[PDB]
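Structure data follow from start27.txt (compact mmCIF, C-alpha atoms):
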```
# COMPACT_ATOMS: atom_id res chain seq x y z
CA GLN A 1 82.61 -20.79 187.93
CA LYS A 2 84.23 -19.74 184.65
CA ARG A 3 83.09 -16.15 185.13
CA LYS A 4 84.37 -16.02 188.72
CA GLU A 5 87.81 -17.37 187.85
CA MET A 6 88.07 -14.83 185.02
CA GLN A 7 87.08 -12.06 187.44
CA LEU A 8 89.70 -13.14 189.99
CA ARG A 9 92.44 -13.12 187.35
CA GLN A 10 91.35 -9.65 186.20
CA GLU A 11 91.38 -8.39 189.78
CA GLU A 12 94.88 -9.75 190.37
CA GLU A 13 96.16 -7.97 187.26
CA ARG A 14 94.48 -4.75 188.36
CA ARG A 15 96.05 -5.05 191.82
CA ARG A 16 99.57 -5.54 190.48
CA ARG A 17 99.20 -2.55 188.15
CA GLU A 18 97.84 -0.43 191.00
CA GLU A 19 100.79 -1.36 193.20
CA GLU A 20 103.23 -0.49 190.41
CA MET A 21 101.61 2.91 189.93
CA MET A 22 101.65 3.54 193.69
CA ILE A 23 105.38 2.75 193.75
CA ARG A 24 105.88 5.21 190.90
CA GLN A 25 103.94 7.89 192.79
CA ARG A 26 105.97 7.35 195.97
CA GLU A 27 109.21 7.61 193.98
CA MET A 28 108.00 10.85 192.41
CA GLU A 29 107.10 12.16 195.87
CA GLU A 30 110.56 11.34 197.21
CA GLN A 31 112.26 12.99 194.23
CA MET A 32 110.07 16.07 194.67
CA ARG A 33 110.92 16.22 198.38
CA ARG A 34 114.61 16.09 197.47
CA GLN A 35 114.09 18.92 194.96
CA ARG A 36 112.23 21.00 197.55
CA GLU A 37 115.01 20.47 200.08
CA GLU A 38 117.56 21.52 197.45
CA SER A 39 115.59 24.65 196.55
CA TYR A 40 115.08 25.59 200.21
CA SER A 41 118.85 25.58 200.80
CA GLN B 1 100.69 21.28 188.76
CA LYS B 2 103.11 18.36 189.11
CA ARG B 3 100.62 16.24 191.06
CA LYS B 4 97.89 17.05 188.53
CA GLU B 5 100.04 15.95 185.60
CA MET B 6 100.95 12.71 187.36
CA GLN B 7 97.31 12.02 188.23
CA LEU B 8 96.11 12.59 184.67
CA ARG B 9 98.80 10.27 183.31
CA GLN B 10 97.76 7.57 185.78
CA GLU B 11 94.11 8.08 184.85
CA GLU B 12 94.81 7.64 181.14
CA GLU B 13 96.79 4.46 181.81
CA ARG B 14 93.96 3.12 183.99
CA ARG B 15 91.34 3.88 181.34
CA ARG B 16 93.33 2.08 178.65
CA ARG B 17 93.91 -0.94 180.88
CA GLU B 18 90.25 -1.14 181.87
CA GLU B 19 89.15 -0.92 178.24
CA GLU B 20 91.47 -3.81 177.38
CA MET B 21 90.12 -5.89 180.26
CA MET B 22 86.55 -5.06 179.23
CA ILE B 23 87.08 -6.12 175.62
CA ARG B 24 88.69 -9.37 176.74
CA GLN B 25 85.73 -10.08 179.02
CA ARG B 26 83.15 -9.38 176.32
CA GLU B 27 85.06 -11.63 173.91
CA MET B 28 84.99 -14.40 176.51
CA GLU B 29 81.25 -13.86 176.97
CA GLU B 30 80.65 -14.08 173.22
CA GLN B 31 82.65 -17.30 172.89
CA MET B 32 80.85 -18.69 175.96
CA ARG B 33 77.42 -17.95 174.46
CA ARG B 34 78.60 -19.60 171.24
CA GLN B 35 79.54 -22.70 173.25
CA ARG B 36 76.12 -22.69 174.92
CA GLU B 37 74.23 -22.44 171.63
CA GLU B 38 76.43 -25.17 170.16
CA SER B 39 75.60 -27.42 173.12
CA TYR B 40 71.89 -26.68 172.65
CA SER B 41 71.95 -28.25 169.17
CA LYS C 1 50.69 15.53 157.59
CA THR C 2 47.49 17.45 156.87
CA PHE C 3 45.70 19.50 159.55
CA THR C 4 48.48 19.19 162.13
CA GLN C 5 50.20 21.37 164.73
CA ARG C 6 52.92 22.36 162.22
CA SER C 7 50.20 23.93 160.01
CA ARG C 8 49.08 25.76 163.21
CA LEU C 9 49.98 29.47 163.44
CA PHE C 10 50.01 32.12 166.16
CA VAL C 11 48.73 35.51 164.96
CA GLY C 12 49.39 38.56 167.10
CA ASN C 13 49.18 42.36 167.08
CA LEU C 14 45.82 42.23 165.32
CA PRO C 15 43.52 45.27 165.25
CA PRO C 16 40.88 45.20 168.00
CA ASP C 17 38.09 45.23 165.38
CA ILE C 18 39.08 41.99 163.61
CA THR C 19 36.26 39.60 162.71
CA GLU C 20 36.06 35.83 162.33
CA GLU C 21 34.67 36.27 158.81
CA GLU C 22 37.56 38.54 157.81
CA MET C 23 39.85 36.16 159.71
CA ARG C 24 38.81 33.26 157.47
CA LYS C 25 38.88 35.55 154.43
CA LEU C 26 42.38 36.63 155.50
CA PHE C 27 43.68 33.07 155.08
CA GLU C 28 41.09 32.23 152.40
CA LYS C 29 43.93 32.19 149.85
CA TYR C 30 45.33 29.08 151.61
CA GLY C 31 42.41 26.66 151.62
CA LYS C 32 40.36 25.81 154.69
CA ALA C 33 41.11 26.85 158.27
CA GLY C 34 40.89 25.09 161.61
CA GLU C 35 39.99 26.40 165.07
CA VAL C 36 39.25 30.13 164.89
CA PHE C 37 40.34 31.05 168.42
CA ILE C 38 40.52 34.85 168.50
CA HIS C 39 40.57 37.57 171.16
CA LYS C 40 39.26 41.04 170.28
CA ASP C 41 40.80 42.80 173.28
CA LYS C 42 44.37 41.53 173.72
CA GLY C 43 44.72 41.29 169.94
CA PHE C 44 46.03 37.74 169.50
CA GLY C 45 44.59 34.25 169.25
CA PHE C 46 44.95 30.81 167.71
CA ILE C 47 44.44 29.93 164.04
CA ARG C 48 45.02 26.67 162.17
CA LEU C 49 46.02 26.17 158.53
CA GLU C 50 45.75 23.13 156.29
CA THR C 51 49.22 21.77 155.51
CA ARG C 52 52.94 22.38 156.07
CA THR C 53 53.42 23.97 152.64
CA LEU C 54 50.48 26.34 153.09
CA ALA C 55 51.56 27.35 156.60
CA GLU C 56 55.13 28.03 155.48
CA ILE C 57 53.82 30.11 152.58
CA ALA C 58 51.20 32.04 154.53
CA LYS C 59 53.07 33.02 157.69
CA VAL C 60 56.03 34.40 155.75
CA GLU C 61 53.74 36.08 153.21
CA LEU C 62 51.68 37.72 155.98
CA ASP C 63 54.28 39.01 158.44
CA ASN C 64 55.72 42.51 157.88
CA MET C 65 52.33 43.45 156.37
CA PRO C 66 50.61 46.28 158.27
CA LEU C 67 46.87 45.88 158.80
CA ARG C 68 44.85 48.96 159.79
CA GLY C 69 47.98 50.79 160.90
CA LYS C 70 49.58 47.84 162.68
CA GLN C 71 52.52 45.82 161.35
CA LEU C 72 51.48 42.23 161.98
CA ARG C 73 53.45 40.03 164.38
CA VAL C 74 52.63 36.42 163.50
CA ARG C 75 54.86 33.70 164.93
CA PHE C 76 55.16 29.92 164.99
CA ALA C 77 53.31 28.74 168.08
CA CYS C 78 55.56 26.58 170.23
CA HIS C 79 54.20 23.04 170.20
CA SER C 80 52.56 22.06 173.48
CA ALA C 81 52.15 18.27 173.27
CA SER C 82 55.92 17.77 172.99
CA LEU C 83 57.79 14.92 174.64
CA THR C 84 61.39 13.81 174.47
CA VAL C 85 62.37 10.16 174.81
CA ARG C 86 65.86 9.11 175.78
CA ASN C 87 68.11 6.04 175.96
CA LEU C 88 66.62 4.60 172.78
CA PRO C 89 67.61 1.08 171.67
CA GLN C 90 70.61 0.63 169.43
CA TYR C 91 68.30 -0.33 166.54
CA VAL C 92 65.29 1.95 166.13
CA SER C 93 63.15 3.56 163.43
CA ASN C 94 60.85 6.53 163.05
CA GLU C 95 57.89 4.16 162.74
CA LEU C 96 58.97 2.29 165.89
CA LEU C 97 58.36 5.49 167.86
CA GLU C 98 55.27 6.20 165.77
CA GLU C 99 53.76 2.81 166.68
CA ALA C 100 54.97 2.32 170.26
CA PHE C 101 53.75 5.71 171.48
CA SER C 102 50.66 5.27 169.32
CA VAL C 103 49.34 3.37 172.35
CA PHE C 104 49.05 6.59 174.36
CA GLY C 105 47.43 8.43 171.46
CA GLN C 106 48.04 9.89 168.02
CA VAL C 107 51.70 10.49 167.19
CA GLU C 108 51.70 13.26 164.59
CA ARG C 109 55.41 12.62 164.22
CA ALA C 110 58.21 11.12 166.25
CA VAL C 111 61.67 11.18 164.73
CA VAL C 112 64.82 9.74 166.27
CA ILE C 113 67.32 12.59 166.32
CA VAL C 114 70.12 11.74 163.89
CA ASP C 115 73.51 13.39 163.41
CA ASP C 116 75.54 13.88 160.23
CA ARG C 117 76.95 10.36 159.83
CA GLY C 118 73.46 8.82 160.03
CA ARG C 119 73.97 6.98 163.31
CA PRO C 120 71.31 7.69 165.95
CA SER C 121 72.11 10.29 168.59
CA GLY C 122 70.41 8.27 171.32
CA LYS C 123 67.49 10.65 171.91
CA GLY C 124 64.03 11.13 170.45
CA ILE C 125 61.42 13.77 169.77
CA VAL C 126 57.74 12.88 169.96
CA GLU C 127 55.01 15.40 169.15
CA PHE C 128 51.51 14.18 169.94
CA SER C 129 48.47 16.15 168.85
CA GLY C 130 46.92 17.06 172.19
CA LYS C 131 48.30 17.94 175.61
CA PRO C 132 46.36 15.42 177.77
CA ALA C 133 47.70 12.51 175.75
CA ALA C 134 51.19 13.91 176.36
CA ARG C 135 50.60 14.18 180.11
CA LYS C 136 49.20 10.65 180.32
CA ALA C 137 52.08 9.21 178.31
CA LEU C 138 54.67 11.07 180.37
CA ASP C 139 53.27 9.98 183.73
CA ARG C 140 52.79 6.38 182.57
CA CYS C 141 56.32 6.09 181.15
CA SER C 142 57.59 7.63 184.39
CA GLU C 143 55.79 5.17 186.66
CA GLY C 144 55.98 2.34 184.11
CA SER C 145 58.93 0.97 182.15
CA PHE C 146 58.11 1.42 178.48
CA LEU C 147 60.15 -1.27 176.78
CA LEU C 148 60.50 -0.71 173.03
CA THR C 149 62.08 -3.92 171.76
CA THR C 150 63.55 -7.22 173.01
CA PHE C 151 66.55 -5.52 174.60
CA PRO C 152 65.13 -4.79 178.06
CA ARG C 153 66.07 -1.11 178.43
CA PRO C 154 63.12 1.22 179.09
CA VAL C 155 63.09 4.65 177.46
CA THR C 156 63.20 7.60 179.84
CA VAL C 157 60.55 10.12 178.81
CA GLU C 158 60.84 13.81 179.70
CA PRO C 159 59.08 17.01 178.61
CA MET C 160 60.97 18.93 175.96
CA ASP C 161 62.15 22.52 176.31
CA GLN C 162 61.33 24.84 173.42
CA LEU C 163 64.68 26.39 172.50
CA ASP C 164 63.66 29.17 170.11
CA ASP C 165 66.40 30.13 167.65
CA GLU C 166 64.14 31.96 165.17
CA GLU C 167 63.18 35.23 166.89
CA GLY C 168 66.51 35.33 168.74
CA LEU C 169 66.86 38.51 170.79
CA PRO C 170 65.52 41.62 169.05
CA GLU C 171 66.91 44.91 170.32
CA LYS C 172 63.58 46.46 171.29
CA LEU C 173 62.59 43.40 173.35
CA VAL C 174 65.51 43.80 175.77
CA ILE C 175 64.78 45.58 179.04
CA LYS C 176 67.42 48.26 178.23
CA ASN C 177 67.37 49.30 181.90
CA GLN C 178 70.07 50.97 183.99
CA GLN C 179 71.82 47.60 184.23
CA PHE C 180 72.06 47.42 180.43
CA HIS C 181 73.83 50.78 180.43
CA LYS C 182 75.93 49.56 183.36
CA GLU C 183 76.70 46.49 181.23
CA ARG C 184 77.26 48.52 178.03
CA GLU C 185 79.86 51.01 179.25
CA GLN C 186 82.67 49.36 177.27
CA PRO C 187 82.51 47.61 173.88
CA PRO C 188 83.24 43.94 173.22
CA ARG C 189 86.98 43.38 172.89
CA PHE C 190 89.92 41.26 174.02
CA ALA C 191 91.41 41.40 177.50
CA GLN C 192 94.84 43.00 177.77
CA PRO C 193 97.24 40.53 179.43
CA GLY C 194 98.11 41.46 182.99
CA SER C 195 95.00 43.61 183.42
CA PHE C 196 92.18 42.99 185.88
CA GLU C 197 89.92 41.73 183.10
CA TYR C 198 92.44 39.15 181.90
CA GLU C 199 93.04 37.71 185.37
CA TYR C 200 89.35 37.55 186.23
CA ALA C 201 88.65 35.94 182.86
CA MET C 202 91.30 33.35 183.71
CA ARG C 203 89.30 32.67 186.86
CA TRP C 204 86.12 32.22 184.80
CA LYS C 205 87.86 29.97 182.26
CA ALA C 206 89.22 27.80 185.06
CA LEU C 207 85.70 27.52 186.48
CA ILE C 208 84.24 26.53 183.11
CA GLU C 209 86.96 23.99 182.37
CA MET C 210 86.48 22.41 185.79
CA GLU C 211 82.74 22.20 185.10
CA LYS C 212 83.44 20.47 181.79
CA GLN C 213 85.75 18.05 183.60
CA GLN C 214 82.99 17.28 186.10
CA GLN C 215 80.49 16.68 183.29
CA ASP C 216 82.90 14.31 181.54
CA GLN C 217 83.45 12.49 184.83
CA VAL C 218 79.69 11.99 185.20
CA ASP C 219 79.57 10.78 181.60
CA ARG C 220 82.38 8.30 182.23
CA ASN C 221 80.76 6.99 185.41
CA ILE C 222 77.43 6.42 183.68
CA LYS C 223 79.12 4.80 180.68
CA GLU C 224 81.08 2.33 182.79
CA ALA C 225 78.00 1.50 184.87
CA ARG C 226 75.99 0.89 181.70
CA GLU C 227 78.72 -1.28 180.19
CA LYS C 228 78.80 -3.33 183.39
CA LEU C 229 75.00 -3.64 183.34
CA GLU C 230 74.92 -4.87 179.74
CA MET C 231 77.39 -7.69 180.39
CA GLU C 232 75.57 -9.11 183.41
CA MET C 233 72.37 -9.50 181.38
CA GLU C 234 72.90 -13.18 180.55
CA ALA C 235 73.58 -14.19 184.15
CA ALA C 236 70.47 -12.41 185.43
CA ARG C 237 68.32 -13.87 182.66
CA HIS C 238 69.46 -17.43 183.33
CA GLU C 239 69.09 -16.97 187.09
CA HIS C 240 65.52 -15.75 186.64
CA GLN C 241 64.76 -18.69 184.34
CA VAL C 242 66.10 -21.09 186.98
CA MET C 243 64.11 -19.39 189.74
CA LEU C 244 60.90 -19.52 187.70
CA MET C 245 61.45 -23.19 186.85
CA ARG C 246 62.13 -24.09 190.48
CA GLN C 247 59.04 -22.25 191.74
CA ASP C 248 56.91 -23.88 189.04
CA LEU C 249 58.23 -27.33 189.95
CA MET C 250 57.52 -26.70 193.64
CA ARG C 251 53.97 -25.69 192.73
CA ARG C 252 53.44 -28.78 190.58
CA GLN C 253 54.80 -31.18 193.20
CA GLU C 254 52.64 -29.61 195.91
CA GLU C 255 49.64 -29.90 193.59
CA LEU C 256 50.44 -33.58 193.08
CA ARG C 257 50.73 -34.18 196.82
CA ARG C 258 47.46 -32.38 197.55
CA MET C 259 45.62 -34.30 194.83
CA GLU C 260 46.97 -37.59 196.17
CA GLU C 261 46.01 -36.81 199.76
CA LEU C 262 42.50 -35.65 198.86
CA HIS C 263 41.91 -38.76 196.75
CA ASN C 264 43.25 -40.96 199.55
CA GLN C 265 41.06 -39.35 202.21
CA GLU C 266 37.93 -39.43 200.06
CA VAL C 267 38.37 -43.10 199.15
CA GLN C 268 39.05 -43.89 202.83
CA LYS C 269 35.88 -42.14 203.99
CA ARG C 270 33.94 -43.79 201.14
CA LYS C 271 35.07 -47.31 202.04
CA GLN C 272 34.58 -46.70 205.77
CA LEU C 273 30.84 -46.08 205.31
```

Give the structure from the file, written as structure tokens.
Amino acid sequence: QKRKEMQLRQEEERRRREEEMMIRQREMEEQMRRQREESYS
Amino acid sequence: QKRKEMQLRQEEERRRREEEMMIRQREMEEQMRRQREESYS
Amino acid sequence: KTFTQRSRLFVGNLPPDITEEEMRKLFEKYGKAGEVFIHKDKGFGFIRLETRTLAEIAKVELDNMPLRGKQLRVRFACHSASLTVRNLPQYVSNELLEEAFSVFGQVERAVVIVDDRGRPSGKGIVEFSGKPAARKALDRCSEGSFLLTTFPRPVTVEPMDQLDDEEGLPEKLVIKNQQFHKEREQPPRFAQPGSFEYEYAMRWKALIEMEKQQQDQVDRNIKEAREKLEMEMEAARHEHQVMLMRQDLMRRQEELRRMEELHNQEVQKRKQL
């Protein structure tokens, strides 16, 4: 039981960090798309 | 090139985070084993 | 040791009229000799010397000496009974390998490969005396799980490749064919930036770096799997203890019930008569 609760807490932390990094990647993608649109024009 | 740089940065962050989680888990295991051996005596 | 495979020596380019008596007399300056395995026709055979010191003295004192119009070519014979053992335990000694693999035969020497700092590299090098012992040990440690110590991690055992860095690549031993000339049109040198050579070398360097990245990825995957497998040792051990205890208790209770029923039935049939 102790091991499982520790594992669940670790997994929750990993999930929140993964979501944060995905948000960062999407923001970078949007900024890059803006730059590509600027360069095309 | 831009995607590769972003991916490598994310990978380094993930490796550091996983190492921290791993050391915390092994510390918990060591303390747990200490509790078990204390309860044995 | 004395009379080992390191004292062994390969003698080649001998005159076709060599004799066993003159063969022993040839090394008579260096004590006794072992198996006199000689071929008159092809001009090379197997000879054995006494110790490491005598072999080191004799081979280097005898090469570059012509004999009956023939400059001798004597070389260290590559050891045949070699093994290599991997994934050794974190705490290990030379004598641990000398005693553990002593089961499969005589370990002339096994020595955990060690780097500069003194920490173990994680590999091993085991040199039996004879080949059949090596084959038996290799097949057994492949089909079996040769534990070395309490930590239950078996040692993977593989045959060892003989990387020869002594003879190197002499000029006259290269094929020197039309390809060599095709490959020796232009001297070694740098690549001029913007040339064909520089671009194609960039392609090769990219290939090599990607290979190194793949190798490091495999290394990381195996390391994380191993670190996961070391932590779940306690849980598996306790689960197996519990399973063994439960099975043993089931066996004992069934034994009790069978003993009780047999005693009951025998006393019943005894009192009935």

- Message: Contacts from chain B to chain C, 9 Å maximum, only C-alpha atoms: show me the residue list as an NGL selection string.
- Response: :B and (22 or 25-26 or 29 or 33)

Can you list every residue of stretch 3-41 of chain A that has an atom at most 9 Å from stretch 2-19 of chain B, with its nearest atom pair and the distance in Å to one decimal, using all atoms listed in the file, ordered by chain then number, as a Markdown table?
```
| residue | atom | partner | partner_atom | distance |
| --- | --- | --- | --- | --- |
| A:14 | CA | B:17 | CA | 8.4 |
| A:17 | CA | B:14 | CA | 8.8 |
| A:18 | CA | B:14 | CA | 8.8 |
| A:21 | CA | B:10 | CA | 7.3 |
| A:25 | CA | B:6 | CA | 7.9 |
| A:28 | CA | B:6 | CA | 8.9 |
```

Since we have the selection now, will you write its residues out, keeping C-alpha atoms, as a PDB file, keeping the file's coordinate frame?
```pdb
ATOM      1  CA  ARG A  14      94.480  -4.750 188.360  1.00  0.00           C
ATOM      2  CA  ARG A  17      99.200  -2.550 188.150  1.00  0.00           C
ATOM      3  CA  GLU A  18      97.840  -0.430 191.000  1.00  0.00           C
ATOM      4  CA  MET A  21     101.610   2.910 189.930  1.00  0.00           C
ATOM      5  CA  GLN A  25     103.940   7.890 192.790  1.00  0.00           C
ATOM      6  CA  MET A  28     108.000  10.850 192.410  1.00  0.00           C
TER       7      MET A  28
END
```

Contact residues around stretch 55-62 of chain C with all atoms listed in the file at 7 Å, ignoring same-chain residues under 4 positions, as a PDB file with C-alpha atoms, in the frame of the given file:
```
ATOM      1  CA  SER C   7      50.200  23.930 160.010  1.00  0.00           C
ATOM      2  CA  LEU C  49      46.020  26.170 158.530  1.00  0.00           C
ATOM      3  CA  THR C  51      49.220  21.770 155.510  1.00  0.00           C
ATOM      4  CA  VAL C  74      52.630  36.420 163.500  1.00  0.00           C
TER       5      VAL C  74
END
```

- Query: In Å, with one decimal, what is the gap from atom CA of residue C:93 to atom CA of residue C:114?
  - Reply: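 Going from atom CA of residue C:93 over to atom CA of residue C:114 covers 10.8 Å.
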
- Task: Pick out the residues sitting within 10 Å of residue C:17, and hand them over as a list in words; count only C-alpha atoms, and ignore anything fewer than 3 positions along from it in its own chain.
- Result: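 Within the cut-off, the hits are residues 14, 39, 40, 41, 43 and 68 of chain C.
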
- Closest to residue C:158 among C:140, C:119, C:8, C:86, using all atoms listed in the file?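 Checking each of C:140, C:119, C:8, C:86 against residue C:158, counting all atoms listed in the file, the winner is C:86.
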
- Message: Between atom CA of residue C:112 and atom CA of residue C:213, what is the distance in Å, rounded to a tenth?
- Response: 28.4 Å

- Message: One decimal, in Å: what's the spacing between atom CA of residue C:9 and atom CA of residue C:22?
- Response: 16.4 Å

- Task: Can you pull out every residue within 8 Å of stretch 148-153 of chain C, counting only C-alpha atoms, but drop anything in the same chain fewer than 5 positions away, and send it as an MDAnalysis selection string?
- Result: chainID C and resid 87 89 96 100
